[PDB]
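Basis for what follows: all heavy atoms, side chains included, without hydrogens, waters or symmetry-related copies. FYI, the numbering just counts along the sequence from 1.
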Amino acid sequence: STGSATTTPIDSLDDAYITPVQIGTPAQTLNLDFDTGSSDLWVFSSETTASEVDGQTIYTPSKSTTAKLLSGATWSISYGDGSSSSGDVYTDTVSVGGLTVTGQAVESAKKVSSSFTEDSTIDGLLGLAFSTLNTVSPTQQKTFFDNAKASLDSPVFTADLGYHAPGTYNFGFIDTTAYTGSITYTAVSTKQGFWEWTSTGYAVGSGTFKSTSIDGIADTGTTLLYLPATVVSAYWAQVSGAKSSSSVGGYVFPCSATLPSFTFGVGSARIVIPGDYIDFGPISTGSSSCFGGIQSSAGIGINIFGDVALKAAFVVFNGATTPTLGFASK
Ligand SMILES: C#CCN(C)Cc1nc([C@]2(O)CN[C@@H](c3nc(-c4ccc(C(F)(F)F)cc4[N+](=O)[O-])no3)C2)cs1
């Protein structure tokens, strides 16, 4: 089997991408944030505290003839920004772009933190990291991809995120028309439950390439590119007026600037992020100070190849017995 679904930016900055997902019978379509950095499929629901729902589409398990309570199961998750959600668990039929998993764990939120409530466009998350990170207790549950994998034509999914435009998540096949050149595959460590890999280095703008190992994760659920402070300083040093602001929370730069590109290495191959992809616009409405799309990972503990990096590439998440990641230009 295969599936293919369009993913759409939630706003003009590409802060996140939402993909329609069919849950239950008859189908209830929710727009979920596909997150290769986590492993829970959770949704706003008829059980979510009413004051914490503000425009989201909710899953109502009582209206699904295929929903079954996973008795005694609870879940609770916290993300990198301090946001959080928790609740109980149903199993139900979940379909993405024509690919169907029966008995998928659908984690129904009883509580969500304010950042989720405030984002009316995200109805939940669909985790695509390794199932070892799934938070369901006392019986850990598998991701949608893990459940679908054996049925797929090839045990892979691909992320082709757009720049200020829709893109595509495919399951079970590689669309050879969606990228230029060849896909370079690179080794993955699953030891922390992520799609963790080692970039071979970087370049800023038209500069030469700096060969250096950068261990990080391919994370569709993170907006920006988080890299070591040395690398990030070398980038922003090329932008007149750019500086790190503790009050704003990262590197800012004059909105009047044109930004240099940023290249990262995948083996001997190179992915070039255009400068415009690094512009996240005014720090607040009407400001002439703009927020940068490349930020330091120093406080995080891990480097994160988030959407800023991934949207410059066609990315293969290969879930074969030995997982690998593939990157191609596009
Ligand atoms: C600090 C530290 C060290 N560690 C914990 C960093 C890590 N972080 C992760 C992830 O959880 C995996 N992918 C990312 C993700 N982020 C969101 C998301 C969605 C919606 C919202 C909204 F509420 F604003 F709508 C906010 C977020 N958000 O910023 O968390 N979804 O997925 C982050 C793995 S390791």
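Side-chain atoms of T143 and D146 include no donor-acceptor pair closer than 3.5 Å. Using modelled atom types, one finds no donor on one side chain facing an acceptor on the other under 3.5 Å when comparing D54 with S120. There is a side-chain donor-acceptor pair under 3.5 Å between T177 and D175. A donor atom on one side chain and an acceptor atom on the other are not found under 3.5 Å apart for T117 and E52. Under the 3.5 Å distance criterion, with hydrogens and angles disregarded, a donor-acceptor pair is assigned to the side chains of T66 and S64. Donor-acceptor pairing under 3.5 Å is lacking for the side chains of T168 and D160. Between the side chains of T19 and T7, at least one donor-acceptor pair of N or O atoms lies under 3.5 Å. A donor-acceptor contact closer than 3.5 angstrom links the side chains of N318 and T324. Inspection of the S297 and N303 side chains reveals an N or O donor paired with an N or O acceptor under 3.5 Å. Residues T60 and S62 have side chains that never bring a donor and an acceptor to within less than 3.5 angstrom of each other. A donor-acceptor pair shorter than 3.5 Å cannot be found between the side chains of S131 and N134.
A donor-acceptor pair under 3.5 Å is absent between the side-chain atoms of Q104 and the main chain of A148, judged by distance alone.
Ring pair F171/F34 is perpendicular by interplanar angle, where above 60° counts as perpendicular and below 30° as parallel. Using the six-membered ring where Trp is involved, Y90 and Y59 have ring planes that are perpendicular, over 60° apart on the 30 and 60° scheme. Taking the six-membered ring where the residue is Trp, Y277 and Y163 present parallel rings, their angle staying beneath 30° rather than reaching 60°.
Geometrically, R270 does not engage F264 in a cation-pi contact, judged by NZ or CZ lying under 6.0 Å from the ring centre and within 45° of the ring axis.
Outside the 6.0 Å centre-distance limit, the rings of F305 and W195 are not counted as a close aromatic pair.
Other residues, nucleotides and ligands contribute more than 12 heavy atoms inside 6.0 Å of the NZ atom of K330.
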